[PDB]
Amino acid sequence: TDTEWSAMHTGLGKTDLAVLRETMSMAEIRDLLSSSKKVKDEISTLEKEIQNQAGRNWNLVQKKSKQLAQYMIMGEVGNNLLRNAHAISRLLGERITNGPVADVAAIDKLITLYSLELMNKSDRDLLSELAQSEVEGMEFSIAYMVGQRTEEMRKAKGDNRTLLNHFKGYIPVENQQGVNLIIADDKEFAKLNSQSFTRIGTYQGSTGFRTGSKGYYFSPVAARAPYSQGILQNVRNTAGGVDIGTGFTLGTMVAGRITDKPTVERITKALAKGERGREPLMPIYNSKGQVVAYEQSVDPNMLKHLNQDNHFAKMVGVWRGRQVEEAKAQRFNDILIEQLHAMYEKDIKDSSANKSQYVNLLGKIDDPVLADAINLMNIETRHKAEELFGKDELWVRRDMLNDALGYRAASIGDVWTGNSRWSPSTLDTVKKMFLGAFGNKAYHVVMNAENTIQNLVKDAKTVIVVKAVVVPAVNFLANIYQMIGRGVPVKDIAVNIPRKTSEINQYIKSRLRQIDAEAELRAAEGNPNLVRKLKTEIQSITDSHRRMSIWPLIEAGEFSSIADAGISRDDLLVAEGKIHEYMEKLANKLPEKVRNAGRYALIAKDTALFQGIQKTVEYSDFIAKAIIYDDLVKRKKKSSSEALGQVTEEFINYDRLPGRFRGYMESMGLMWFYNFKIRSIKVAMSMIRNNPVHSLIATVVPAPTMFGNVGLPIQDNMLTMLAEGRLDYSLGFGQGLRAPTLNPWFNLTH
Amino acid sequence: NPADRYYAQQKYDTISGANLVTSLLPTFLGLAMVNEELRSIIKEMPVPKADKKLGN
């Protein structure tokens, strides 16, 4: 029954019963569950042995072991929580020591026995019957949990930092499809005026850290953007529910993190006197017994609102399905290392003077922030690098490495804390670029920095216009952020967008005079006086296109793929910079019933507004191609044929991908979300071939839009919240300024 | 487990109207015709003597 599966999840899984296999046989394990007298008999003799070894420190060991057992079952977090038997033996944070107080193996067997007695009496009865009538079935399930633990333990012992912070007795648990629980500040959430969130509680926190008023917010079942929930989506390998190398927790949800050195030492001496509050702080311990970070816990009561599922058979399949996937991501990095070694070997062999353009990554690094990230690199990749290059050797090209670290010139904050954002100078540059390219009216509504979009529309027709301008605005901004992260300086884009916009606008107006000139030429069959003027007119304006800086793109045909397909009188507005007024003209051609429908209108694919948006989207990609082509030739020193080859491998044709959704459903914004996703796959694939260093750095050095989740509550970006059709946001302040991740391997598989 | 009792107390408050702090009657009546857990509890309640003639 459904109860037996849930009971087995807490029994075999959450109690870390795989530990007993080290010393007790399978037959002896089953007798423990079927008799409550044996459980109290084993604890009686175990405490006597540990008391002798611990000696004067037996009281502290017993107190910590019981507290950890309470968390393993009821989820309650105490004060100065130690998450495993390795940290309990050293008694971190209580008494200094030069080694383990008692045997780790004996302590581990004691903790799992303490938590076994904490299970409900009704639940323990179910396991007793299964262990006596289902001997064959129960033994296989126990043996399956041994394999899961050994694989998880094989990765934990590699680094000493992750060995002291991993969680004992970890098993995945899945939430309900649709629900979403977040923790956010009360003052900031008030101005959002979201109608899909309700307050179910308040965050008391703790006396160690003082902060503003927070609270819990819950959203009932609905439809969310794809890949935004349901799977872990982390980009770094995990062992025991924590990140490998750093020890930060990722398998569960936390309300925040504190990593600043001056702030950490202020918390440590404040907690010496005492701690009070419903949600204490979990400390992260170093390799020498110091404290390097603090984390804010979550009340276990609020986790009941999520209606989590704890089916034992299903969770094991999810567990093994994630270890296999994480093993492939490590192997991909290993293969990428071999390619980097081959490149270094040939250059040195060709000439001994080529060693002056290589930088040793594992050597001495002068930059302190970069050096710290290298130290916390996964130990599995370090061994592979030392196998080929040699001990403490990793040589990469200097110029290619500099393109991987261009983000930090415009980004501030720490990704691990969860407050990474663009510098204030960068926003003032991007904001002025959007005003020039788009209309002044569109910038005022879409890019308002004080009010959301939904608070500025007070008509049924205006919603149709506003819901259309967003689609090209998001695409325009998503390309700017993507090129900045790939190494393009922010100064090049600022001084080139106004220049390239004028060239495109001039070409459209110049083309209009010569497209109809063919009709004049056909009608000029007669005296050469009209022919002479017509002959000179076409040739005079043709040479104007020859001197254009965008001429090579025009010759290739990509820049003129849709220019010569068709031209409209009202299409001049999109070239001038009147995008907002352009959408109004196409919206007035809709039927009166559809126009007055407000947000319930179902825009058909045959209307003028549907095709008008497609032209604007493809016009925005025209500017992106010009900037990409210029960079690959001016500052990269590549041939003209080389740059054109790369441009054609990063863009797709939108006419081959129509919508394939249900009828009677509003899916105008969801269709464009999938089209943008496909283009991101093509970009990621070309990054691996043309920049091996950036692929390896992206999964080592932390960077904005380079790492996945960090255990904090899920935060959406422009792409995620566009597909849901919501309107309670703005692309100028707070939420909506974040771009999706740029990890090459992550985008390929997720 | 303290969380088991906390959730049940949460459901009792909404039915009693403490959580929702009038349009409260339509919400309760609408909920009584959809929820499969509240209906099971209600069907065991004794019928008032004035409605014994209806037999429902």
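Just so it is clear, none of the values below were taken in a lab; they were calculated from the coordinates. Methodologically, a virtual Cβ is constructed for each residue, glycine included, from the backbone with ideal geometry; neighbour enumeration extends over all protein chains shown.
Details
- Which numbered condition A:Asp366 fails, given (1) more than 14 Å from chain B (Cβ to nearest Cβ); (2) farther than 22 Å from A:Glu380 by Cα; (3) among the acidic types (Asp, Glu); (4) surrounded by 15 or more Cβ atoms within 10 Å (Cβ to Cβ): (4)
- A:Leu118 vs. criteria away from chain B (no Cβ under 14 Å) and farther than 19 Å from A:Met153 by Cα: no
- Matching entry among A:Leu126, A:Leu181 (being over 25 Å from the mean Cα position of the chain (by Cα), crowded, with 17+ Cβ neighbours inside 10 Å and aliphatic (A, V, I, L, M)): A:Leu126
- Under the condition of being over 24 Å from A:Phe248 (Cα atoms), among the aliphatic types (A, V, I, L, M) and part of a helix (DSSP H, G or I), the residues counted in the stretch A:663-705 number 11.
- Selection status of A:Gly708, closer than 20 Å to A:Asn451 by Cα, part of a loop (DSSP other than H, G, I, E, B) and either small (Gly, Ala, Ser) or touching a helix residue (DSSP H, G or I) at 6+ places or on another chain (Cβ under 6 Å) (or both): no
- Screening A:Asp347 against (1) of a type in the set (D, E, K, R); (2) surrounded by 14 or more Cβ atoms within 10 Å (Cβ to Cβ); (3) in a loop (DSSP other than H, G, I, E, B) leaves a single unmet condition, (3).
- Residue within the stretch A:694-703 that is crowded, with 20+ Cβ neighbours inside 10 Å, within 25 Å of A:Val471 (Cα to Cα) and not charged (D, E, K, R) present: no
- Single unsatisfied condition, A:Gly247 versus (1) at positive phi; (2) surrounded by fewer than 17 Cβ atoms within 10 Å (Cβ to Cβ): (2)
- A:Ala54 vs. criteria within 25 Å of A:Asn286 (Cβ to Cβ), surrounded by fewer than 15 Cβ atoms within 10 Å (Cβ to Cβ) and of a type in the set (A, V, I, L, M): no
Listed here are the residues, each with its yes/no results for (1) within 13 Å of the chain's Cα centre (by Cα); (2) not polar (S, T, N, Q).
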position	(1), (2)
A:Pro702	yes, yes
A:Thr720	yes, no
A:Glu724	no, yes
A:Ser730	no, no
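- Only a single item in (1) more than 30 Å from A:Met138 (Cα to Cα); (2) more than 14 Å from chain B (Cβ to nearest Cβ); (3) under 29 Å from the mean Cα position of the chain (by Cα) is not met by A:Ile348, and it is number (3).
- Reported count of residues in the stretch A:194-233, each being farther than 26 Å from B:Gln9 by Cα and either of a type in the set (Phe, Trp, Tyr) or not in a loop (DSSP other than H, G, I, E, B) (or both), is 2.
- Scanning the stretch A:305-330 for residues that are touching an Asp or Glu at 6+ places or on another chain (Cβ under 7 Å) and either within 16 Å of A:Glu76 (Cβ to Cβ) or within 14 Å of chain B (Cβ to nearest Cβ) (or both) yields a single hit, A:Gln308.
- Qualifying residues in the stretch B:42-56 (those that are outside any helix (DSSP H, G or I) and either within 14 Å of chain A (Cβ to nearest Cβ) or among the aliphatic types (A, V, I, L, M) (or both)) - the one surrounded by the most Cβ atoms within 10 Å (Cβ to Cβ): B:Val47
- In summary, helices (runs of 4 or more DSSP H) completely within the stretch A:23-117 and bearing 1 or more residues that are under 15 Å from A:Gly169 (Cα atoms) occur at A:58-74, A:85-90, A:104-116.
- Looking at A:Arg90, A:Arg21, A:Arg83, just one residue is buried (at least 19 other Cβ atoms within 10 Å of the Cβ), of a type in the set (D, E, K, R), touching a helix residue (DSSP H, G or I) at 6+ places or on another chain (Cβ under 8 Å) and more than 14 Å from chain B (Cβ to nearest Cβ), and that residue is A:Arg83.
- Pairs where the first residue, in the stretch A:226-255, is within 23 Å of A:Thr720 (Cβ to Cβ) and the second is assigned to a strand (DSSP E or B) and aliphatic (A, V, I, L, M), C-beta under 6 Å, 6+ apart: A:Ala255/A:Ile183
- Residue within the stretch A:465-485 that is surrounded by fewer than 19 Cβ atoms within 10 Å (Cβ to Cβ) and not in a helix (DSSP H, G or I) present: no
- The condition (being outside any loop (DSSP other than H, G, I, E, B), of a type outside the set (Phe, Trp, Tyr) and crowded, with 18+ Cβ neighbours inside 10 Å) is satisfied by just one residue among A:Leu742, A:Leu727, A:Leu748, A:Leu719: A:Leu719.
- Scanning the stretch B:17-41 for residues that are surrounded by 10 or more Cβ atoms within 10 Å (Cβ to Cβ) and assigned to a helix (DSSP H, G or I) yields B:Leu24, B:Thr27, B:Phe28, B:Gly30, B:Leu31, B:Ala32, B:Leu38, B:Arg39, B:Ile41.
- Of all residues in the stretch A:722-738 being aliphatic (A, V, I, L, M) and out of contact with any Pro (no Cβ under 8 Å at 6 or more places or on another chain), the one that is farthest from A:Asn709 (Cα to Cα): A:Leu727
- Which listed residue, of A:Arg532, A:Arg522, A:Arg511, is farther than 30 Å from A:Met706 by Cβ, under 46 Å from the mean Cα position of the chain (by Cα) and outside any loop (DSSP other than H, G, I, E, B): A:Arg511
- Within the stretch A:120-157, tally of residues that are part of a helix (DSSP H, G or I), polar (S, T, N, Q) and over 17 Å from A:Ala313 (Cβ atoms): 5
- Of all the listed residues (A:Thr263, A:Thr268), the sole one being more than 28 Å from the chain's Cα centre (by Cα) and among the β-branched types (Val, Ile, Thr) is A:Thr268.
- Listed by first and then second residue, the pairs with beta-carbon distance under 6 Å, at least 6 apart or on different chains, first residue in the stretch B:1-21 and more than 12 Å from every other protein chain (Cβ to nearest Cβ), second surrounded by fewer than 12 Cβ atoms within 10 Å (Cβ to Cβ), are B:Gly17/B:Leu24.
- Condition met for A:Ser560 (among the polar types (S, T, N, Q) and either surrounded by 17 or more Cβ atoms within 10 Å (Cβ to Cβ) or not in a helix (DSSP H, G or I) (or both)): yes
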